[PDB]
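Okay, so here's just one chain, in C-alpha cells, the form deposited in one PDB entry.
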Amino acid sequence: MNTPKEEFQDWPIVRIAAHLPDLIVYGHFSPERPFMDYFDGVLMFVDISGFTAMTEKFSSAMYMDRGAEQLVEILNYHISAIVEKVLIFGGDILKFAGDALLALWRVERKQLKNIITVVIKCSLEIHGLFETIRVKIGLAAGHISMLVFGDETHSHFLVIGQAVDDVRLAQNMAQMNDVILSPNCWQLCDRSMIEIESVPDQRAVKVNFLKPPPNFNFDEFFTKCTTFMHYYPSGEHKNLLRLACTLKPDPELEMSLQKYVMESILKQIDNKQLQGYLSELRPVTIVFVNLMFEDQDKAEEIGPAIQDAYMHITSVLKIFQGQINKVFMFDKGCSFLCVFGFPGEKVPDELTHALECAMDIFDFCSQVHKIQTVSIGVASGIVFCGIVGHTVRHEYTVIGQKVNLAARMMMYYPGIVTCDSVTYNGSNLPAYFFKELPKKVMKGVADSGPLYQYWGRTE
C-alpha cells in the first residue's frame, strides 16, 4: 500500500488562527465577559520607525497608483523576518499595530530569569537583520493580566499591568537600535550575562552586549528553556513556525476564534473576496478613544468598565457605520482605534457621523464607573489599510500620519473631543459647534494644521 504525502491543509480554522496569538488560540477560557486571567512573562515591544513617512511617500505619483501594493510588500518583507525570529525563539506575537508589534513569552516565575536571556538574544538578532528605517525594542518582565471583552458576536483582548506599561515606556526611550530593559526586567535578569549602560534620568537600562561565560552554549540553554514552552513546534512538527498551523476543523473552536476577526477578513478567508481587496490607501476618518482609570494596572477594576464602554461603543459604531480596528493599553489608558470608511464600509457624511459618534461615546463613557477621563481624537485623510505580518501570523492594521495625529490629539488634549482641519472643514456642521484650539508641539507630528474641539450642539 502506498503512503502518499499529506498536503498542508489550509482549512479556514488555520487561516483564522493566523490572526491570533497562542494565548487566544489555545486559551480555552470562558465565554463570559469580561474575562480576566493573570500570569507572568516577558514582553518585547518592537517598533519599526519610518514606515508612517514611507506611507506618505507611497501616495505620490511615482508609485503609479500601486502605492498600497508596494507598501504592504516592502513592509511585510521586513516584518515577516522579525516575526520569524520571534517565533523561532519561542515567543507568541500578541498584536500588531501599525509598523510595531508586541510579543510575549509566558512562563512561570522561576523561569523568568532564563527566558529574559533568550528574549535578549532574540532582540539582538532582530537588530542584526537591519544593521545590514530603524528598529527599536523595549523589553519588560513580571506580572501580566489579560482581559477579554466583547459581546455575543465579537471578542477583543488586551494585556494589562506594570510590565505592559513598562514595555511601552522602555520602547519610547530607545534610540535607533537600542534594546532597553524595564527596571524590573533588569532586576530579574541574569546580570552575569548581560552588559548594560544606565539611561539618563532613567532606571531602565540599555543592553550593550550579551557576554556569556566560558562554558555557555546558547543552543543547549535554549533547549532547556523549551521545556517551559507549551507550544514550541517539536518532533514531527519541528519544521513549522507555529503549532497553530496544525489546527484541525472544530466548529466550536472556530466559532469562538472568528469573533476576534473582522467580517471582511473572514470573507477573504472564505474565498469569497479577492486576497488583494483589503490592501489599499484610502480616505478614512480615525476616531481614537482613550479611557483613563485611577489604576490602569488593576484588571479587576478596569475590566468591567472597559466591557461597559465596549458595549456602548460597538452599538454607536454599528449605527454611524464604523469599526474598532484595535484596542490596547497606551502609557495612559485603554485606547480604541476606531475607523470610519474601511473596505466595503463607506457611508456618506462619514465626517459628521464620526463627530456625532465621538460625542456620543464621550458622553456615555464619561459616566461609566471607574473611568476618570475620556479623550477622543478625530482625524481624516489617506491611510494605509492592510494585512501586515507573516503568512503564519498577521493582522489587519492601519498606518498613516492621520492615525498618529488622532493618537497624539487624544493624549495632548485630554478630556475633550478634538478634530483636525479636514474633519472640521468637511463636516456638514455649523462652525460654532467647534472651538479653535491652541497649537501644541506634539511628539512625532510635523504640522497638524489648525485643531478644533468639538464642543457640540449647545453652549
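The first residue of the shown sequence is 1; numbering continues from there. Whichever C-alpha set is largest while still superposing within 1.5 Å between the two forms counts as the rigid core.
Among the other PDB entries of this protein that were compared and that flank it with modelled residues, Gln258 is modelled in all, so it is never left out in a third of them. Per the compared records, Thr132 is unresolved in at least a third of the other entries whose models span it.
The deposited sequence places 4 to 9 unmodelled residues between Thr132 and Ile133. When the two stretches 340-348 and 92-100 are set side by side, the higher mean Cα temperature factor goes to 340-348. Judged by mean Cα B factor in the deposited record, 110-118 ranks above the other of 73-81 and 110-118.
Looking only at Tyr231, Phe288, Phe320, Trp105, the residue with the top Cα B factor in the deposited structure is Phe320. Highest CA B-factor among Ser427, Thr418, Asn404, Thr397, as stated in the entry: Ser427. Sorting the modelled residues of the chain by their CA temperature factor places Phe209 in the highest third. Among the modelled residues of its chain, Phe39 has a C-alpha B-factor that falls in the middle third according to the deposited record. Among all modelled residues in this chain, the alpha-carbon of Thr391 has a temperature factor (C-alpha) in the lowest third. Ranked by C-alpha B-factor against the other modelled residues of its chain, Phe330 falls in the highest third. Sort the chain's modelled residues by C-alpha temperature factor and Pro414 lands in the middle third, per the entry.
Another form, the form deposited in another entry, is not on view; read the next lines as being about it.
For the set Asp295, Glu220, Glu263, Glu73, a Cα shift of at least 2 angstroms between this form and the one not shown, after rigid core superposition, holds for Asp295 and for no other residue. With the core held fixed between this form and the one not shown, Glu195 has its Cα displaced by under 2 Å. Put the two forms on the same core and the Cα of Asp331 is off by 2 Å or more between this form and the one not shown.
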